[PDB]
Structures are given as C-alpha cells and as structure tokens.
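Have a look below at one chain only, the form deposited in one PDB entry, in structure tokens format.
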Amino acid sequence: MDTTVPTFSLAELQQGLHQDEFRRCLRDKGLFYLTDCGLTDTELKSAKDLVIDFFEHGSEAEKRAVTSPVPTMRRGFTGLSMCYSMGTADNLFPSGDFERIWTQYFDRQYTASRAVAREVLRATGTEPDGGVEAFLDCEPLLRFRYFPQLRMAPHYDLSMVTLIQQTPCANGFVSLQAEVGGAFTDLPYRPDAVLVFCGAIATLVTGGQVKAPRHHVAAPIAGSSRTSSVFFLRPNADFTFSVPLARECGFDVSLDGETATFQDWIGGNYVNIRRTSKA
C-alpha cells in the first residue's frame, strides 16, 4: 500500500469533505498529520521558549515549588531530560507569564484534540455510551519534554487520540517513526501541522474501525537534541463499553459480564502507552 502518512485539514473534515479517505486512513493506518486546527508554530514556540528558559535558568528552588511530591509527571516539573506536564486543573506554574501562555496553549491543544476526536467518531458512525460530548469532556494530559543530545521500543497509545508537536533536530535527524504498511515511516516536524496518533480507545469506542499504530524513537550525534509536546486525550474512568465487542476487535479482556468501564479495564491509575507482548 501507500505507506505515506496522510494529511487532513480539520476544517475540511468538519465541512464533510474527504470522508472516505478519512475512514480508510483511520482503519488502515490510524495516524495522520492535521492542519487547520488552531495550532500554530508561532504559538508552539512561545510556550516552548518560556518552558526552556525555565528548564535552563530555573533554580532548584523554583523547580521544587512546581514539582509534585510523587514523580508521576502528571503536573508541573520533572527532572530525569526534563518534562513539564499539565491538565485542565491542579496545575503548577512557575510564574504569571508562564501560566497565561501555557493555559492558552493547553486550551488550544484540548480544543483541537476534542475536535479531531469528534470527527473520528462522526466518520465511523459512533455514539459512545452516554453521548459524544460527555465522552470528550474527559481527562487529558499534556507533557512537554526536552531531550538533550532506536532510543525507545515500539508502543501503541491507550488514548482516544494523541496529538504531537515537535521541534526538529538542528542536524535534521528525524527521531519519531511509526509502523505504516509494515514499514518504518518517518514522522518529521511540520511547522504547519500536528501529528495525530489514534489510540486503543479509538479502536474500542468505534468497534474496531480505527487502528492504534505502533511507534518508536530512532537513535541517530551533534545537533540531535529535540523537544516534543504530547497531548493525550484520555477517557473518563466511567467510560462504558461492550465486553463482547471489545473481544471482537482484539482486546484481550478478562472482564466478567456484558459491559465494563475504562477503570475496570485499565485499573485505578491511567496507563498511557503499551508494548506488544513477548509471551
């Protein structure tokens, strides 16, 4: 097949265009670039610049004030590489300036993620139990990471969708790759577009109409540092689904009875990514 990662305009999708091409991409690939969704490069770099300044020039005291007592990377700063995490509430901000910039940036990513999920649901004829808007008013997590100078083994996402913005390596190396058509397909930076991965919850809610592709990080050198902004659109704990339907599209569930929740399936802590089994 064409092993090309396609691009869709969110605006065009919302106008009812390219519906067969979109459905085919969802089923056969489960990833695409998304343009016209409110996510500019100029904005990514104002958020990026202020967090890198913090990473670079924040003192340990300032960093501690925005570090959670458990190192879960749910909110605030994590040093390991460095991460900054946020969600809809319970956020930890270094300063008023930072807060304004990152609140806006989060909001725009949450709006885009809901909007593309709405289009995934609509294109596949899917009405989640409890309706679309209650499904999308959910439990998102944003993680921004700086990586200094394959590096990560393949995994699939357990989100509904995952939105990824990157900055490129100064030396032009492309670190992110996904399985497409059996192949390793590069996923380069695009100043004009966000990368969308469908996750296993898209597969589940749509009754198997959406693929959750595996992806990894390649290793390359001088100028290979990079950043990423990873936005997970994750369902509420009480998201409810059919157990027999789950079994029909590949989920190896150990669930008694006919319906179950997300919490029943995953447990009491969110799990964002998953590897293939070695057994």
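Start at 1 with the first residue shown and count on from there. By rigid core we mean the largest C-alpha set that fits within 1.5 Å across both forms.
Per the record, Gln104 and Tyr105 are directly connected, as no deposited residue between them is missing from the model. The gap between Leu80 and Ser81 holds 10 or more unmodelled residues of the deposited sequence. When the C-alpha B-factors of 123-131 and 199-207 are averaged, 123-131 comes out higher. Checked against the record, the higher mean CA B factor of 209-217 and 51-59 lies with 51-59. Going by the entry's values, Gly96 shows the largest Cα B-factor out of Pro71, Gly76, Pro140, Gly96. Across the residues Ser254, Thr67, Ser229, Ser224, the deposited record lists the maximum Cα B factor for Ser224. For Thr40, the recorded CA B-factor ranks within the highest third of the chain. Only modelled residues enter the ranking. Among all modelled residues in its chain, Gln15 ranks in the highest third by Cα B-factor. Residue-level temperature factors show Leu34 in the lowest third of its chain, judged at the C-alpha atom.
In this PDB entry, the Cα temperature factor of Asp157 sits in the bottom third of its chain's modelled residues, the lowest group.
In the deposited entry, the Cα temperature factor of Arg151 places it in the highest third of its chain's modelled residues.
Keep in mind that the form deposited in another entry is not shown, yet the notes after this line are about it.
Core-based superposition between the shown form and the other one leaves all of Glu248, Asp28, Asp41, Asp49 but one with CA shifts under 2 Å; the exception is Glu248. Once both forms are fitted on their core, a CA shift of 2 Å or more is seen for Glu258 between the shown form and the other one. In the other form, the Cα positions of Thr126 and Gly250 lie at least 3 Å farther from each other than in the form displayed. Distance between the C-alpha atoms of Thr126 and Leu255: longer by at least 3 Å in the other form than in the displayed form.
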